[PDB]
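Here, each number is a calculation from the coordinates, and none is a lab measurement. Quick reminder, even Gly has a Cβ in these numbers, built from the backbone with ideal geometry, and neighbours come from all protein chains shown.
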Amino acid sequence: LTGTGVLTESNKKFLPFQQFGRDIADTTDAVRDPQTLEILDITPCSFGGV
Amino acid sequence: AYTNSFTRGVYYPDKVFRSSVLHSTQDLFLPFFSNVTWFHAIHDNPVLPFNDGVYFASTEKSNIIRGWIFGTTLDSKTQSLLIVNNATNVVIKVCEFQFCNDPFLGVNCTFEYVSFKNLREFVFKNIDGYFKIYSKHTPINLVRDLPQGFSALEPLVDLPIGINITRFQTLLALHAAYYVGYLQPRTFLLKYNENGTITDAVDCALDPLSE
Ligand SMILES: *[C@@H]1O[C@H](CO)[C@@H](O[C@@H]2O[C@H](CO)[C@@H](O)[C@H](O)[C@H]2NC(C)=O)[C@H](O)[C@H]1NC(C)=O
Ligand SMILES: *[C@@H]1O[C@H](CO)[C@@H](O)[C@H](O)[C@H]1NC(C)=O
Ligand SMILES: *[C@@H]1O[C@H](CO)[C@@H](O)[C@H](O)[C@H]1NC(C)=O
Ligand SMILES: *[C@@H]1O[C@H](CO)[C@@H](O)[C@H](O)[C@H]1NC(C)=O
Ligand SMILES: *[C@@H]1O[C@H](CO)[C@@H](O)[C@H](O)[C@H]1NC(C)=O
Ligand SMILES: *[C@@H]1O[C@H](CO)[C@@H](O)[C@H](O)[C@H]1NC(C)=O
């Protein structure tokens, strides 16, 4: 799952079987880390129109 | 015997977390308010078809239902899945067994694996080569029948076992009551709540208001 974003710890209470979360646009929006098994938030890095 | 399943037998359809969304999915599910065949721990262990996939449940008080068998013909001509629960172990096997003519639990192989006031609920299904199990345990307020209320089952395991299952059976302990229902391909709308609990669902093919 290649992608550009800020990673953080989250309030996303994943159930024990869940590996990912998604937005409406199908884009992944949280991930379980495959080594430390914690539930990372993904936010696309701070952006806006100029 | 027969009885109404109410809104039971919904389960988490994929390993993706979602919350605050009403999500459309098409998969094998138990149709809402469908007839489920009903059976007892006293006297009652017939072999049933498996079809597309089996919803199974038991209403319970002392853990009498303890396993299942799945296959074509249960007679060593081919692989048959066996599942058993015993204390700290949950056990899974797929050798070409020959079983008893009347199976019970007294208190060329390919794979092996190891991990009323109670209601135990399960879904068993196949996806080409892969067998999946989902489950829930809940309290129930009354002995009578399956609750007229909503709860979603969660995946236990996936088995890469590739069996052509067309029939199944369940195993009783000897020194409760149990149900069978069949899944169908249904479009469903699933209510993932603000925490990602599936708190409600619509079976879209039930009635014109569900459509
Ligand atoms: C899966 O098992 C079923 C039997 O439970 C097989 O179905 C039979 O297949 C033969 C030909 O092989 C037909 O003549 C019969 O009419 C079928 N019976 C039923 C009830 O469908 C099926 O072929 C098996 N499939 C595989 C891939 O093993
Ligand atoms: C992966 O390795 C780290 C050390 O590099 C270890 O702390 C962690 O527990 C391991 N995780 C798994 C899932 O084995
Ligand atoms: C349930 O099955 C019986 C026959 O066993 C049938 O008469 C009845 O109409 C069915 N009810 C529903 C709700 O499907
Ligand atoms: C469970 O049953 C298996 C045989 O099917 C046995 O090998 C295992 O030791 C048992 N475990 C317990 C906790 O009794
Ligand atoms: C195992 O499979 C081969 C065919 O691949 C067959 O000839 C043999 O008889 C089988 N053995 C048993 C014990 O069923
Ligand atoms: C949502 O989750 C929190 C803990 O994160 C819990 O306290 C609360 O009761 C939950 N509410 C619902 C409606 O599930």
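Some observations on this one:
- Between B:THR110 and B:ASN35, the simple label model (points 7 Å from Cα in the Cβ direction) yields a spacing of 3.4 nm.
- Long pairs among B:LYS61/B:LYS136; A:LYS13/B:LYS125; B:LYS61/B:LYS132, criterion Cα-Cα beyond 22 Å: A:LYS13/B:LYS125; B:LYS61/B:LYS132
- Cα centroid separation, region B:126-141 to region B:73-116 (Å): 17
- Inter-label distance, nm, simple model (7 Å from Cα along the C-beta direction), A:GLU38/B:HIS43: 5.9
- Region B:49-99, relative contact order in percent, only Cα pairs under 8 angstrom and at least six apart counted: 28
- Charge context of A:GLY5, other residues only, Cβ under 12 angstrom, K/R +1, D/E -1: -3
- Excluding same-chain neighbours fewer than eight residues apart, the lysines reachable from B:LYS77 by a Cα-Cα span under 21 Å are B:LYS93.
- Projecting the Cα atoms of A:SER10, B:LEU172, B:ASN108 onto the dipole axis of the protein assembly as shown, where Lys and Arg carry +1 and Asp and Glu carry -1 at the beta carbon, places B:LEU172 farthest toward the positive end.
- For the residues of A:24-36, the average number of beta carbons from a partner chain within 10 Å of their own beta carbon is 1.
- Taking Cα centre as origin and charging only the Cβ of basic (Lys, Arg, +1) and acidic (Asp, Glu, -1) residues, the dipole magnitude of region B:2-211 rounds to 380 debye.
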